[PDB]
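There are 4 protein chains.
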Amino acid sequence: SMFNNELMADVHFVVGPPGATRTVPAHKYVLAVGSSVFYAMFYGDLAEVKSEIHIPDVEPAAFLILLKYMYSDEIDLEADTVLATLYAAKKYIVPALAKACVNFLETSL
Amino acid sequence: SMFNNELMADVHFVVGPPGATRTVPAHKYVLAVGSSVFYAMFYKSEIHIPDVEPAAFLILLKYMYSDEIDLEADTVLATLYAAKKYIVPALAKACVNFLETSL
Amino acid sequence: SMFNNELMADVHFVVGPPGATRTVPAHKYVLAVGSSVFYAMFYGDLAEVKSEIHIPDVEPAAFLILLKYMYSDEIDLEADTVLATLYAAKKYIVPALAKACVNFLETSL
Amino acid sequence: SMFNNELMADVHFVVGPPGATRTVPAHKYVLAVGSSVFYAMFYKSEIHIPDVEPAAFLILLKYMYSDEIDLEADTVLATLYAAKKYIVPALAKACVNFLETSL
Ligand SMILES: [K+]
Ligand SMILES: [K+]
């Protein structure tokens, strides 16, 4: 799979709070197709070329769940990370994922 | 008006990331009655909660003193985190309801 | 001055690359009035309440020049930081500052 | 077509932040003729430039091999940084001109 694969990766995200980051390879095409926010960042008028992008306010597990959905259409939520995933989904304007997080929060212990 | 009041306050919370905190006075009785986590804690007088947003903590406390829930789009996720952290189910339910409505 | 003053500060920016950051207090009102990007971040539909905001891709000196302009209308460029200031000005959509950086680059050694 | 070509390459640059680099072959002669900084350097065969964007470095090199300048909005600032770093004034001028036009 291209998800979380260094093969052809044209961007790396350094995700998480300082001292507890994870570096995630990604593909600008898949991200921009899936999100108006990644589109703006990579293809929009104010896009700036950046090999490495920091996302200090997102949890790594959450970011990987978001990207899994953007590559595969699969939603792989877990109780421990669903709230952080909802933050990421709202942040990048991925509403199908946002909705699934809300339903998950409604129906989980 | 005991909410956020230094009068009779027996606990202070230092809330938020170091360098961007807010100190909030509170009353152990009121918190412990609304929360099993605060009960376990109180039953030190300065408590640091660097993982919680001050704005969310204040919304949680207002609920615990007044039973009033006042949510907004910019604070609901952080309030939900706090409500789950302190096990305040009525406030957590209200946040999830707000979120559903906002979809 | 309210510029870079902890008095009434309702946000703190942790500016710069990891290990070389500076924490800058600021006031959401002044920033949102001066920039559609800070407006979006603080007052817009997808605004999320955040005490501390990280800006890993901006230089601290540059960010302080940007904010000085937003508080005071004064532009205080220097050769050593003008390029990083132009990046910040483009990034937050402050065109009067962008223009001054370009003119400065044109007319400096 | 010696630009970005491993054929005869006597230097390799590891360009960009560690973990997000690109390795670019080059020819010391061509670089040294276009730049006082590269002249001083060459007159080791693997050079790390973690402060430069790969895309910008490639635009700089294309200029140095071909005299062609191909700028875009998303790469112009990073190209200007590189052009100033290696003291390539014609490319720096072109970037500032592009920026002026874009205002
Ligand atoms: K699944
Ligand atoms: K001045």
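Protein chains in written order, with this note's numbering: chain V, 61 to 169; chain C, 15 to 117; chain U, 61 to 169; chain R, 15 to 117.
Cβ atoms here follow ideal geometry from the backbone N, Cα and C, with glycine treated the same way.
DSSP three-state assignment for residue i, whether helix, strand or coil
i     : result
V:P85 : strand
C:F17 : coil
U:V90 : helix
R:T93 : helix
U:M68 : coil
Extent of the continuous alpha helix (DSSP H) run through residue i
i      : result
V:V162 : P155 to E166
U:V74  : U:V74 -> not in any alpha helix (DSSP H); beta strand (DSSP E) instead, spanning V71 to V75.
V:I125 : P120 to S132
U:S96  : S96 to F102
Cα-Cα separation, residue i to residue j
i      : j      : result
U:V142 : C:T37  : 39 angstroms
V:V162 : V:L146 : 8 angstroms
U:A69  : U:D133 : 19 angstroms
C:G30  : R:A96  : 40 angstroms
U:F63  : U:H87  : 8 angstroms
V:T167 : C:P68  : 28 angstroms
R:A87  : U:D117 : 17 angstroms
U:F123 : V:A144 : 28 angstroms
V:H114 : V:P78  : 10 angstroms
R:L117 : U:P155 : 8 angstroms
R:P39  : R:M78  : 14 angstroms
C:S49  : U:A107 : 29 angstroms
R:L74  : R:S59  : 19 angstroms
U:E66  : U:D105 : 27 angstroms
V:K159 : V:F98  : 19 angstroms
V:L91  : U:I153 : 24 angstroms
V:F164 : U:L157 : 46 angstroms
C:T35  : C:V28  : 6 angstroms
U:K128 : V:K128 : 42 angstroms
C:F56  : C:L85  : 27 angstroms
U:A100 : U:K150 : 15 angstroms
U:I135 : R:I83  : 31 angstroms
U:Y89  : R:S15  : 54 angstroms
R:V25  : R:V47  : 15 angstroms
U:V109 : V:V109 : 28 angstroms
Element boundaries [beta strand (DSSP E), containing residue i]
i      : result
V:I115 : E112 to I115
Go through the residues and name those whose CB comes closer than 6 angstroms to any heavy atom of ligand 2, in chain order. U:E134, U:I135 and U:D136
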